Amino acid sequence: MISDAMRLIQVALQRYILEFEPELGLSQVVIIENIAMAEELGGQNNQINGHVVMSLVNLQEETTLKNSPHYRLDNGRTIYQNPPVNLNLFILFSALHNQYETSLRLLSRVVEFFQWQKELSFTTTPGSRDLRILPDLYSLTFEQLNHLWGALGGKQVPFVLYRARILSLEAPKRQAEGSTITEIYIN
Amino acid sequence: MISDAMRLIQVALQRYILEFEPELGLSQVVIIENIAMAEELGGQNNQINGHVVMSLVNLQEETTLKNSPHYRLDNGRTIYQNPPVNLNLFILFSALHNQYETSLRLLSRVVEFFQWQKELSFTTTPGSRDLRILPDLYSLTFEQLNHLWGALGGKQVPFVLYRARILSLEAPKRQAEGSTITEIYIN
Amino acid sequence: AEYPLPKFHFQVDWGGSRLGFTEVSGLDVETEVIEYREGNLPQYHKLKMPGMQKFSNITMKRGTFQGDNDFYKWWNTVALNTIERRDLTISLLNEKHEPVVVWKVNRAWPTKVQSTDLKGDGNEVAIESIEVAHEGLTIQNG
Amino acid sequence: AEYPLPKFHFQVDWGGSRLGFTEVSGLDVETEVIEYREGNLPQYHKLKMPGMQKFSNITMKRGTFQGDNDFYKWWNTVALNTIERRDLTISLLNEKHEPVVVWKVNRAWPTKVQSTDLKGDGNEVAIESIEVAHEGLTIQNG
Amino acid sequence: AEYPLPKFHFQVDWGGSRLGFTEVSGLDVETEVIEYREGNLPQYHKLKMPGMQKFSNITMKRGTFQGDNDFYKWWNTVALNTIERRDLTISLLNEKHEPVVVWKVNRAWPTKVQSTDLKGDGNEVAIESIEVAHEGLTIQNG
Amino acid sequence: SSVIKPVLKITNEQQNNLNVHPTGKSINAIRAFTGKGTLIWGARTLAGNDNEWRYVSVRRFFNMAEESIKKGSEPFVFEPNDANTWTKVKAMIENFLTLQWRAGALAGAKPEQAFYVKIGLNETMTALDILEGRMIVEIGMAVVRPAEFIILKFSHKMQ
Amino acid sequence: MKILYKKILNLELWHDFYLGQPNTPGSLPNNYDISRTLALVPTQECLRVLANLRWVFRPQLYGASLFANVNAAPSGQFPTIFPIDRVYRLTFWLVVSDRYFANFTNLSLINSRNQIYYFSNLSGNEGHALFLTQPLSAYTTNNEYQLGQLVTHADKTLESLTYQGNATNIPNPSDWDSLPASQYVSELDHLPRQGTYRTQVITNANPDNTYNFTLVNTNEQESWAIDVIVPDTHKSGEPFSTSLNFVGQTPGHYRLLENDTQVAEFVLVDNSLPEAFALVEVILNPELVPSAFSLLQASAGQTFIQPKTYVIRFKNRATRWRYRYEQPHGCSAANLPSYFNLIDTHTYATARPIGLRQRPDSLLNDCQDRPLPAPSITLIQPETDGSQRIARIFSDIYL
């Protein structure tokens with residue numbers, strides 16, 4: 001699912017930040033919510049204030065993993081099933097506080113946390129034992145900022161954008177069965 | 001008509017989702033409505049909240065099926081009628097809930113449902129016995145997201161976009177009649 | 001009769017099984033110029049007169065369907081210097097489907113066939129093309 | 001059978017370990033034209049007849065994975081004028097994964113291999129390419 | 001091992017003092033085709049066989065720092081027909097900085113050095129380039 | 001080479017009974033011809049009345065071709081018995097037969113008249129064969145056959 | 001130059017995969033079409049003979065047609081340009097275009113790669129149509145029927161559902177279905193196909209004798225003959241094999257005789273179109289084709305055309321549907337449709353075979369009242385018996 005990767009990232013970043021800033025009173029620094037719904041930016045929600053917010057902004061397919069095989073061999077028989085769908089995720093981190101400097105401090109700590117950890121997994125950042133997420137940082141031009149924040153309402157806050165590479169989705173359902181080759185006649 | 005294809009897709013997806021999530025209390029998970037009319041996005045309708053919504057966003061003609069014949073032969077006579085119009089459909093799936101994680105779970109299940117079923121028809125997804133719809137998934141850039149959501153009001157929600165290939169429309173009305181060739185004189 | 005015509009409603013007779021082509025281009029005619037001047041002519045530029053004729057190859061594009069292998073069928077009828085030649089007819093139709101402009105081609109055989117390219121990220125239909133040579137062309141309007 | 005086909009679901013048999021190619025282009029056939037005219041012919045343009053055949057090289061592109069060094073492996077089997085030749089098969093699949101259009105290549109050996117370029121600011125996957133020569137091509141549809 | 005690799009994390013050993021290059025391009029190999037046909041062959045197209053090999057020059061680009069004059073240093077070691085040749089190694093690294101794909105170059109000496117251009121209105125860093133010739137290349141993956 | 005002479009002399013009348021016999025068993029001769037040395041004379045099998053296997057070269061060629069086809073279609077053992085494998089196998093066989101045609105072994109003006117290959121559900125196979133795991137392929141080939149007898153006729157020209 | 005043409009032949013091809021079983025057969029519907037499943041193709045001899053007779057072949061959406069060149073008389077009768085008063089023979093290949101055809105067509109599942117089908121106008125069978133098939137056999141007592149056999153009984157057509165080594169006096173209703181009266185294709189049309197070279201074996205080979213072999217076609221004309229001389233060192237009484245060559249004959253149905261005795265009967269093939277499915281023959285002979293099937297009348301020194309319509313028909317296959325699961329389904333023997341049979345907690349199957357159609361009218365309902373998808377036509381699973389006989393045929397649906 002898509003919720004498990006974001007919960008993993010949230011837990012790890014929460015742990016790091018609250019490790020380095022004990023003064024925050026052990027509250028919830030990181031929440032998962034939609035930024036455009038904030039009251040201060042013209043929305044209706046009045047609970048998004050004084051947080052770091054994670055938002056999913058786009059969803060693309062990986063072109064290199066298309067055309068993978070549609071069958072498997074087992075015990076001399078063929079199992080037919082459709083291949084899975086592999087997706088790249090785009091996550092935006094926004095800092096929203098009534099004090100403009102706290103936002104900058106928390107952005108710096110987000111950046112350095114991603115500077116430290118180059119791989120997110122249950123085996124290395126414990127805090128579904130199937131995920132493996134390699135993030136990277138995206139720097140934009142002014143036209144791309146314009147496109148982004150025009151799609152998000154038209155007002156900026158201190159932010160940063162990351163891409164998480166591979167997430168695979170499929171249904172647990174077989175398609176068919178068959179048998180293999182064991183004898184051949186020529187003429 | 002256009003309503004029958006969307007009703008088919010709605011019924012099939014509803015069945016799948018409510019199969020895998022028994023906790024949803026057997027309510028209506030999927031509705032067909034316009035997303036831009038939602039109150040939370042600045043509209044006037046206050047009933048679109050806590051659903052997956054299907055929306056028709058565009059309508060294009062198939063260029064390869066133009067210039068098809070305008071007559072048919074039967075019993076040695078000619079029936080004249082105009083050819084039909086073949087359309088591609090663009091459907092947007094948006095998840096809108098007061099809980100940001102339910103939206104992500106339901107998006108994942110939508111994606112995997114379309115990963116399983118590669119053909120929609122009354123003979124295979126029963127739930128008009130004339131339709132046959134082959135969907136595919138569309139991944140966009142930031143400029144294309146900008147164009148889309150600028151045409152839709154200017155604020156994003158978790159969403160996904162699919163294309164349904166062929167739908168044919170025509171009127172049940174003849175044009176003319178004629179006769180064929182049976183004798184020839186040369187000089 | 002008073003309105004100018006559009007360019008999206010046409011048909012092609014090519015001795016093939018199916019119909020429904022996407023693009024048809026290459027319909028031209030030309031004559032070469034010959035130039036001449038003698039030394040005592042009071043003008044200092046040349047005189048011009050007609051020469052030989054020239055005709056172009058014709059290109060057609062269409063979409064790919066299961067079970068239809070006609071372009072290849074026609075191309076593959078080629079022996080050493082013999083091939084199956086056909087008469088080609090192209091017609092432009094108006095709103096009431098009446099042939100208005102007709103192009104008649106003489107002795108046309110396929111010189112080239114190109115299939116589609118395959119892209120793992122391509123959201124488009126597959127299209128194929130044929131290129132044809134001929135020994136004549138004639139226009140009929142009205 | 002009634003719908004036109006798309007161009008993004010295909011597979012390639014090339015005697016290699018892995019599969020999953022991104023781009024496949026270069027599938028063409030051609031014949032040369034020979035022209036002739038004698039002095040007393042009433043038309044002032046030439047007659048045309050078929051000549052020799054010509055085939056193109058084929059290009060394939062795919063993404064780079066750890067542990068896979070197959071393009072180089074095939075290219076590097078070259079002695080003075082001897083090399084390992086293979087039969088190539090390309091197939092286009094439809095929604096139910098049934099081969100619909102098949103291209104059969106004869107005697108194909110790799111003439112060129114190109115690796116990716118490295119950019120400190122490039123947010124893209126690394127892709128490699130191969131270019132292949134052959135002595136024949138055949139199309140099968142339906 | 002299961003994911004495709006990106007193209008922005010690499011390193012170059014070139015016997016130079018500093019590191020940190022921006023662009024590296026030019027990694028190719030090729031073989032020439034020789035063609036042949038005799039008069040009585042039933043096919044009317046040619047047979048093909050391998051010939052000689054060909055290698056390309058390699059280009060590298062990097063940013064300019066105070067105190068670093070290494071490209072010029074290497075280029076300027078040229079006497080009449082003698083020069084200092086070096087072994088070049090290029091490696092692609094993954095997330096855990098482990099060499100995955102290695103290109104080994106043989107006998108490489110710099111043929112060209114280009115410095116930056118100066119613009120009174122240019123808001124960019126100054127970049128310099130080098131172009132290198134060699135007598136061999138080898139790929140190692142896995 | 002390195003031969004002086006055969007131990008016995010065979011005539012044409014004896015060759016008539018050695019070469020053709022109602023039982024089909026045939027005997028190829030080795031005969032000396034003035035100025036040419038000693039030569040092998042006759043190229044038939046022990047089944048000389050068989051319309052298909054009369055000659056040595058046809059049988060040896062068939063042996064070679066079927067051995068190469070076997071070696072080519074061995075790697076597909078324990079592979080899925082479906083249309084894709086059938087396509088690949090047919091491609092391999094047709095490429096081999098095309099190479100054999102263009103060297104002058106097979107008759108025909110194109111590869112369409114020289115050989116044919118049949119493998120599939122509507123060609124040589126049924127559902128029972130899919131369940132059993134059997135693949136059946138049918139291959140037809142036209143080979144070239146020699147000329148054994150030359151007849152000359154003489155006349156006095158009209159004048 | 002006035003040229004008048006008139007239709008002279010109707011050839012239709014039926015399939016229950018599209019049509020179903022009408023309660024009384026009439027004509028086809030207005031939207032019938034098999035132009036993408038079956039095709040008729042004239043041979044070369046057929047082409048040159050049609051040329052000589054001045055007749056025209058034309059494909060159709062349901063089959064084909066023939067047009068004759070006639071003269072317009074006042075009587076309303078249409079005579080041919082010349083009297084066609086000899087014997088003539090026209091042949092056609094039947095080719096299949098649709099893959100998976102052998103899955104929905106009720107054919108014999110026994111391995112036969114040396115046989116071919118055959119249809120003609122010398123088969124009688126003039127019931128409610130002119131059927132080019134052989135007449136179906138009758139339901140008798142104490143015979144052996146395989147699963148899939150069609151027979152006739154009490155104004156109806158019976159289909160077999162299981163293997164019966166010995167029959168009953170009255171049909172057992174749990175082994176036979178009840179369809180309307182019509183004729184179809186069966187194993188009575190599966191003749192062995194042959195190519196150019198034959199190996200013929202003589203039993204009790206007697207060196208003191210000879211043998212004259214002959215070939216006789218449908219028009220009862222001798223077409224070919226040779227002699228074979230058994231050598232005088234062959235111990236009398238053993239078999240003796242010989243090789244035969246039919247290189248110069250035209251494909252069609254032939255009877256091979258040896259000295260006034262039928263030894264074989266086969267369809268001869270030249271591999272002009274090796275992947276052909278069936279062969280169709282149409283004959284013009286006033287002596288061999290009855291009057292209900294002929295196409296020419298003879299009167300007043302002339303011939304007159306009589307248009308006709310011939311029919312061939314294929315029946316669909318019938319399988320038992322088996323629903324299979326990934327995770328356990330909660331339905332039991334006490335809450336499932338009476339027409340089902342619970343196999344295990346992940347599987348249940350129908351109790352009787354159902355017929356494969358393209359637009360199956362009504363689908364089955366689940367114990368929780370829900371429509372279930374129909375099977376696909378890509379795979380069928382026949383199961384062999386102890387004696388290697390076919391016992392059952394399923395279609396699997398993975399839910």
# chains A, B, ... in the order shown; residues from 1 in each chain; ligands from 1
>>> calpha_fit_and_write(fixed="chain D", moving="chain E", output="PDB file with C-alpha atoms, in the first residue's frame")
ATOM      1  CA  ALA E   1      -9.727  -7.840 -34.186  1.00  0.00           C
ATOM      2  CA  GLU E   2     -11.799  -4.707 -34.788  1.00  0.00           C
ATOM      3  CA  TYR E   3      -9.779  -2.192 -32.775  1.00  0.00           C
ATOM      4  CA  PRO E   4      -6.423  -0.787 -33.878  1.00  0.00           C
ATOM      5  CA  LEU E   5      -3.466  -1.978 -31.846  1.00  0.00           C
ATOM      6  CA  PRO E   6      -1.255   0.055 -29.481  1.00  0.00           C
ATOM      7  CA  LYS E   7       2.535   0.072 -29.531  1.00  0.00           C
ATOM      8  CA  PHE E   8       3.719  -0.484 -25.988  1.00  0.00           C
ATOM      9  CA  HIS E   9       3.431  -4.245 -25.234  1.00  0.00           C
ATOM     10  CA  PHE E  10       6.043  -6.395 -26.997  1.00  0.00           C
ATOM     11  CA  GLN E  11       8.883  -8.865 -26.474  1.00  0.00           C
ATOM     12  CA  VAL E  12      12.194  -9.817 -28.085  1.00  0.00           C
ATOM     13  CA  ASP E  13      13.941 -13.200 -28.304  1.00  0.00           C
ATOM     14  CA  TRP E  14      17.654 -12.542 -28.861  1.00  0.00           C
ATOM     15  CA  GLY E  15      19.400 -15.444 -27.147  1.00  0.00           C
ATOM     16  CA  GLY E  16      20.146 -13.221 -24.199  1.00  0.00           C
ATOM     17  CA  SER E  17      19.664 -13.899 -20.487  1.00  0.00           C
ATOM     18  CA  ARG E  18      17.278 -11.063 -19.548  1.00  0.00           C
ATOM     19  CA  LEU E  19      14.338  -9.306 -21.199  1.00  0.00           C
ATOM     20  CA  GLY E  20      12.503  -5.993 -20.895  1.00  0.00           C
ATOM     21  CA  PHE E  21      13.586  -3.653 -23.680  1.00  0.00           C
ATOM     22  CA  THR E  22      12.594   0.010 -23.922  1.00  0.00           C
ATOM     23  CA  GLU E  23      12.917   0.841 -27.622  1.00  0.00           C
ATOM     24  CA  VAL E  24      13.070  -1.195 -30.836  1.00  0.00           C
ATOM     25  CA  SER E  25      13.367   0.584 -34.183  1.00  0.00           C
ATOM     26  CA  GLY E  26      14.537  -0.063 -37.729  1.00  0.00           C
ATOM     27  CA  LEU E  27      12.106  -2.522 -39.357  1.00  0.00           C
ATOM     28  CA  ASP E  28      12.058  -1.730 -43.096  1.00  0.00           C
ATOM     29  CA  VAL E  29      12.366  -3.326 -46.552  1.00  0.00           C
ATOM     30  CA  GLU E  30      13.130  -1.740 -49.917  1.00  0.00           C
ATOM     31  CA  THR E  31      13.722  -2.358 -53.643  1.00  0.00           C
ATOM     32  CA  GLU E  32      15.635  -0.115 -56.072  1.00  0.00           C
ATOM     33  CA  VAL E  33      14.034   1.392 -59.207  1.00  0.00           C
ATOM     34  CA  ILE E  34      15.599   1.054 -62.665  1.00  0.00           C
ATOM     35  CA  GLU E  35      14.594   3.544 -65.363  1.00  0.00           C
ATOM     36  CA  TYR E  36      14.554   3.271 -69.141  1.00  0.00           C
ATOM     37  CA  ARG E  37      13.467   5.239 -72.211  1.00  0.00           C
ATOM     38  CA  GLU E  38      14.076   4.913 -75.953  1.00  0.00           C
ATOM     39  CA  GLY E  39      14.108   7.794 -78.389  1.00  0.00           C
ATOM     40  CA  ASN E  40      10.851   7.201 -80.257  1.00  0.00           C
ATOM     41  CA  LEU E  41       8.494   6.765 -77.314  1.00  0.00           C
ATOM     42  CA  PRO E  42       5.526   9.190 -77.522  1.00  0.00           C
ATOM     43  CA  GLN E  43       5.714   9.963 -73.795  1.00  0.00           C
ATOM     44  CA  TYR E  44       8.572  12.138 -72.578  1.00  0.00           C
ATOM     45  CA  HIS E  45       9.103  10.447 -69.210  1.00  0.00           C
ATOM     46  CA  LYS E  46      10.697   7.151 -68.268  1.00  0.00           C
ATOM     47  CA  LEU E  47       9.601   3.582 -67.563  1.00  0.00           C
ATOM     48  CA  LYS E  48      10.353   1.950 -64.212  1.00  0.00           C
ATOM     49  CA  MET E  49      11.044  -1.622 -63.119  1.00  0.00           C
ATOM     50  CA  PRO E  50      12.254  -3.392 -59.953  1.00  0.00           C
ATOM     51  CA  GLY E  51      15.895  -3.966 -59.028  1.00  0.00           C
ATOM     52  CA  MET E  52      17.803  -5.179 -55.969  1.00  0.00           C
ATOM     53  CA  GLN E  53      16.670  -5.331 -52.336  1.00  0.00           C
ATOM     54  CA  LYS E  54      17.923  -3.462 -49.275  1.00  0.00           C
ATOM     55  CA  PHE E  55      17.551  -4.011 -45.523  1.00  0.00           C
ATOM     56  CA  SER E  56      18.297  -1.741 -42.573  1.00  0.00           C
ATOM     57  CA  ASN E  57      20.119  -2.153 -39.286  1.00  0.00           C
ATOM     58  CA  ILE E  58      18.072  -2.592 -36.115  1.00  0.00           C
ATOM     59  CA  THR E  59      18.504  -0.579 -32.912  1.00  0.00           C
ATOM     60  CA  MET E  60      17.485  -1.636 -29.403  1.00  0.00           C
ATOM     61  CA  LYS E  61      17.618   0.267 -26.118  1.00  0.00           C
ATOM     62  CA  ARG E  62      17.316  -0.989 -22.555  1.00  0.00           C
ATOM     63  CA  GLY E  63      18.065   0.010 -18.977  1.00  0.00           C
ATOM     64  CA  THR E  64      21.150  -0.957 -16.992  1.00  0.00           C
ATOM     65  CA  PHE E  65      21.111  -3.445 -14.108  1.00  0.00           C
ATOM     66  CA  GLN E  66      23.755  -4.731 -11.727  1.00  0.00           C
ATOM     67  CA  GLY E  67      25.246  -8.031 -12.860  1.00  0.00           C
ATOM     68  CA  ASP E  68      24.030  -7.912 -16.480  1.00  0.00           C
ATOM     69  CA  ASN E  69      26.769  -7.577 -19.105  1.00  0.00           C
ATOM     70  CA  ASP E  70      25.112  -9.278 -22.081  1.00  0.00           C
ATOM     71  CA  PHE E  71      25.455  -6.710 -24.875  1.00  0.00           C
ATOM     72  CA  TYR E  72      29.213  -6.638 -24.367  1.00  0.00           C
ATOM     73  CA  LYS E  73      29.274 -10.428 -24.076  1.00  0.00           C
ATOM     74  CA  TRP E  74      27.711 -10.857 -27.515  1.00  0.00           C
ATOM     75  CA  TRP E  75      29.780  -8.107 -29.156  1.00  0.00           C
ATOM     76  CA  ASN E  76      33.039  -9.515 -27.750  1.00  0.00           C
ATOM     77  CA  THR E  77      32.716 -12.912 -29.475  1.00  0.00           C
ATOM     78  CA  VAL E  78      34.335 -11.506 -32.617  1.00  0.00           C
ATOM     79  CA  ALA E  79      37.438 -13.043 -34.188  1.00  0.00           C
ATOM     80  CA  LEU E  80      39.055 -11.762 -37.413  1.00  0.00           C
ATOM     81  CA  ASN E  81      36.013 -12.308 -39.682  1.00  0.00           C
ATOM     82  CA  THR E  82      34.057 -14.830 -37.596  1.00  0.00           C
ATOM     83  CA  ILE E  83      31.367 -14.105 -35.012  1.00  0.00           C
ATOM     84  CA  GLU E  84      28.414 -15.809 -33.324  1.00  0.00           C
ATOM     85  CA  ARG E  85      25.227 -15.252 -35.337  1.00  0.00           C
ATOM     86  CA  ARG E  86      21.744 -15.669 -33.876  1.00  0.00           C
ATOM     87  CA  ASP E  87      18.129 -15.863 -35.025  1.00  0.00           C
ATOM     88  CA  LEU E  88      16.077 -12.907 -33.803  1.00  0.00           C
ATOM     89  CA  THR E  89      12.353 -12.879 -33.084  1.00  0.00           C
ATOM     90  CA  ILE E  90      10.252  -9.811 -32.243  1.00  0.00           C
ATOM     91  CA  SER E  91       6.586 -10.099 -31.307  1.00  0.00           C
ATOM     92  CA  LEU E  92       3.814  -7.616 -30.525  1.00  0.00           C
ATOM     93  CA  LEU E  93       1.328  -8.723 -27.890  1.00  0.00           C
ATOM     94  CA  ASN E  94      -2.223  -7.736 -27.224  1.00  0.00           C
ATOM     95  CA  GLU E  95      -4.206  -7.401 -23.961  1.00  0.00           C
ATOM     96  CA  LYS E  96      -4.342 -11.207 -23.472  1.00  0.00           C
ATOM     97  CA  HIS E  97      -0.639 -11.553 -24.294  1.00  0.00           C
ATOM     98  CA  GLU E  98      -1.096 -13.406 -27.591  1.00  0.00           C
ATOM     99  CA  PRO E  99       1.533 -12.880 -30.319  1.00  0.00           C
ATOM    100  CA  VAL E 100      -0.176 -10.968 -33.111  1.00  0.00           C
ATOM    101  CA  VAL E 101       2.560  -9.548 -35.350  1.00  0.00           C
ATOM    102  CA  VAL E 102       5.910 -11.317 -35.637  1.00  0.00           C
ATOM    103  CA  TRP E 103       9.145 -10.103 -37.221  1.00  0.00           C
ATOM    104  CA  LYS E 104      11.723 -12.799 -37.997  1.00  0.00           C
ATOM    105  CA  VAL E 105      15.313 -11.682 -38.541  1.00  0.00           C
ATOM    106  CA  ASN E 106      17.969 -13.854 -40.178  1.00  0.00           C
ATOM    107  CA  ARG E 107      21.662 -14.061 -39.244  1.00  0.00           C
ATOM    108  CA  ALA E 108      22.045 -11.107 -36.865  1.00  0.00           C
ATOM    109  CA  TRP E 109      25.318 -10.053 -35.219  1.00  0.00           C
ATOM    110  CA  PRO E 110      25.970  -6.896 -33.156  1.00  0.00           C
ATOM    111  CA  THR E 111      27.812  -4.120 -34.961  1.00  0.00           C
ATOM    112  CA  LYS E 112      27.737  -1.437 -32.266  1.00  0.00           C
ATOM    113  CA  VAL E 113      27.304  -1.027 -28.502  1.00  0.00           C
ATOM    114  CA  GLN E 114      26.868   2.332 -26.759  1.00  0.00           C
ATOM    115  CA  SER E 115      26.870   2.880 -23.000  1.00  0.00           C
ATOM    116  CA  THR E 116      25.302   5.680 -21.013  1.00  0.00           C
ATOM    117  CA  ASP E 117      26.692   9.148 -20.360  1.00  0.00           C
ATOM    118  CA  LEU E 118      27.331  10.449 -16.848  1.00  0.00           C
ATOM    119  CA  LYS E 119      25.919  13.766 -15.621  1.00  0.00           C
ATOM    120  CA  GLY E 120      26.339  15.175 -12.135  1.00  0.00           C
ATOM    121  CA  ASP E 121      22.928  16.840 -12.517  1.00  0.00           C
ATOM    122  CA  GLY E 122      21.041  14.108 -14.382  1.00  0.00           C
ATOM    123  CA  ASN E 123      17.868  12.813 -12.741  1.00  0.00           C
ATOM    124  CA  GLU E 124      17.416   9.954 -15.168  1.00  0.00           C
ATOM    125  CA  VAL E 125      18.024   6.233 -15.448  1.00  0.00           C
ATOM    126  CA  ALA E 126      21.077   4.948 -17.292  1.00  0.00           C
ATOM    127  CA  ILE E 127      20.287   3.457 -20.705  1.00  0.00           C
ATOM    128  CA  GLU E 128      22.394   1.430 -23.145  1.00  0.00           C
ATOM    129  CA  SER E 129      21.949   0.695 -26.834  1.00  0.00           C
ATOM    130  CA  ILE E 130      22.877  -1.971 -29.371  1.00  0.00           C
ATOM    131  CA  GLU E 131      22.890  -1.866 -33.178  1.00  0.00           C
ATOM    132  CA  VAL E 132      22.570  -5.089 -35.171  1.00  0.00           C
ATOM    133  CA  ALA E 133      23.119  -6.151 -38.792  1.00  0.00           C
ATOM    134  CA  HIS E 134      21.335  -9.080 -40.419  1.00  0.00           C
ATOM    135  CA  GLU E 135      20.736 -10.877 -43.715  1.00  0.00           C
ATOM    136  CA  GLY E 136      16.961 -11.047 -43.885  1.00  0.00           C
ATOM    137  CA  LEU E 137      13.605 -10.011 -42.481  1.00  0.00           C
ATOM    138  CA  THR E 138      10.080 -11.429 -42.696  1.00  0.00           C
ATOM    139  CA  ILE E 139       6.687 -10.187 -41.443  1.00  0.00           C
ATOM    140  CA  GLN E 140       3.857 -12.438 -40.234  1.00  0.00           C
ATOM    141  CA  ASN E 141       0.435 -11.023 -39.328  1.00  0.00           C
ATOM    142  CA  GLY E 142      -2.556 -13.281 -38.788  1.00  0.00           C
TER     143      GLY E 142
END
>>> interface_residues(of="chain B", to="chain G", cutoff="9 Å", atoms="only C-alpha atoms", output="NGL selection string")
:B and (74 or 122-127 or 129 or 182-187)
>>> select_by_dssp(residues="chain F", states="alpha helix (DSSP H)", output="PyMOL selection string")
chain F and resi 12-19+56-72+83-102+111-114+127-132
>>> select_by_dssp(residues="chain B", states="strand (DSSP E)", output="VMD selection string")
chain B and resid 30 to 32 51 to 61 71 to 74 77 to 80 85 to 96 135 to 138 159 to 169 176 to 179 183 to 185
>>> interface_residues(of="chain B", to="chain A", cutoff="10 Å", atoms="only C-alpha atoms", output="number ranges by chain")
B: 39-42, 98-109, 111-118, 137-150, 152-160
>>> write_last_selection(atoms="C-alpha atoms", output="short mmCIF file (atom, residue, chain, number, x, y, z; two decimals), in the first residue's frame")
data_model
loop_
_atom_site.label_atom_id
_atom_site.label_comp_id
_atom_site.auth_asym_id
_atom_site.auth_seq_id
_atom_site.Cartn_x
_atom_site.Cartn_y
_atom_site.Cartn_z
CA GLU B 39 -17.42 22.42 -0.96
CA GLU B 40 -13.92 21.77 0.39
CA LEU B 41 -12.37 22.90 -2.90
CA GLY B 42 -14.41 26.12 -3.03
CA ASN B 98 -11.67 13.58 6.28
CA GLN B 99 -8.86 11.08 7.04
CA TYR B 100 -5.86 11.44 4.74
CA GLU B 101 -4.74 7.79 5.04
CA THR B 102 -8.01 6.16 4.00
CA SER B 103 -7.63 8.03 0.71
CA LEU B 104 -4.21 6.47 0.11
CA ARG B 105 -5.43 2.96 0.94
CA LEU B 106 -8.36 3.30 -1.45
CA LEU B 107 -6.10 4.67 -4.19
CA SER B 108 -3.82 1.66 -3.81
CA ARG B 109 -6.80 -0.67 -4.14
CA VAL B 111 -4.63 0.78 -8.86
CA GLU B 112 -4.42 -2.93 -8.12
CA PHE B 113 -7.98 -3.56 -9.30
CA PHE B 114 -7.03 -2.11 -12.67
CA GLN B 115 -3.84 -4.18 -12.47
CA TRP B 116 -5.95 -7.34 -12.30
CA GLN B 117 -8.67 -6.73 -14.91
CA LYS B 118 -7.45 -5.82 -18.40
CA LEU B 137 -3.05 4.27 -16.91
CA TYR B 138 -1.78 7.81 -17.56
CA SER B 139 1.24 9.33 -15.81
CA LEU B 140 1.64 13.10 -16.12
CA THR B 141 4.33 15.74 -15.71
CA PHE B 142 4.01 18.82 -13.52
CA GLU B 143 2.96 21.03 -16.43
CA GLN B 144 0.19 18.59 -17.34
CA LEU B 145 -0.98 18.42 -13.73
CA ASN B 146 -1.02 22.21 -13.81
CA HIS B 147 -3.20 22.25 -16.93
CA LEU B 148 -5.57 19.61 -15.55
CA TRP B 149 -6.13 21.10 -12.12
CA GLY B 150 -6.27 24.63 -13.50
CA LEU B 152 -10.62 21.81 -12.47
CA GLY B 153 -10.34 24.70 -9.96
CA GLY B 154 -6.70 24.77 -8.85
CA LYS B 155 -6.39 22.37 -5.89
CA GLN B 156 -5.21 18.75 -5.81
CA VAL B 157 -6.43 15.68 -3.96
CA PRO B 158 -5.01 12.13 -4.20
CA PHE B 159 -6.01 11.04 -7.69
CA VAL B 160 -5.28 8.82 -10.67
#
>>> atom_distance(atom1="atom CA of residue 101 of chain F", atom2="atom CA of residue 144 of chain F")
10.7 Å
>>> closest_residue(among="G:354, G:256, G:247, G:263", to="chain F", atoms="only C-alpha atoms")
G:247
>>> closest_atom_pairs(of="chain A", to="chain C", cutoff="10 Å", atoms="only C-alpha atoms", output="JSON lines")
{"residue": "A:61", "atom": "CA", "partner": "C:121", "partner_atom": "CA", "distance": 9.4}
{"residue": "A:62", "atom": "CA", "partner": "C:121", "partner_atom": "CA", "distance": 9.2}
{"residue": "A:63", "atom": "CA", "partner": "C:121", "partner_atom": "CA", "distance": 6.1}
{"residue": "A:64", "atom": "CA", "partner": "C:120", "partner_atom": "CA", "distance": 7.7}
{"residue": "A:65", "atom": "CA", "partner": "C:120", "partner_atom": "CA", "distance": 9.2}
{"residue": "A:66", "atom": "CA", "partner": "C:120", "partner_atom": "CA", "distance": 6.8}
{"residue": "A:67", "atom": "CA", "partner": "C:120", "partner_atom": "CA", "distance": 7.7}
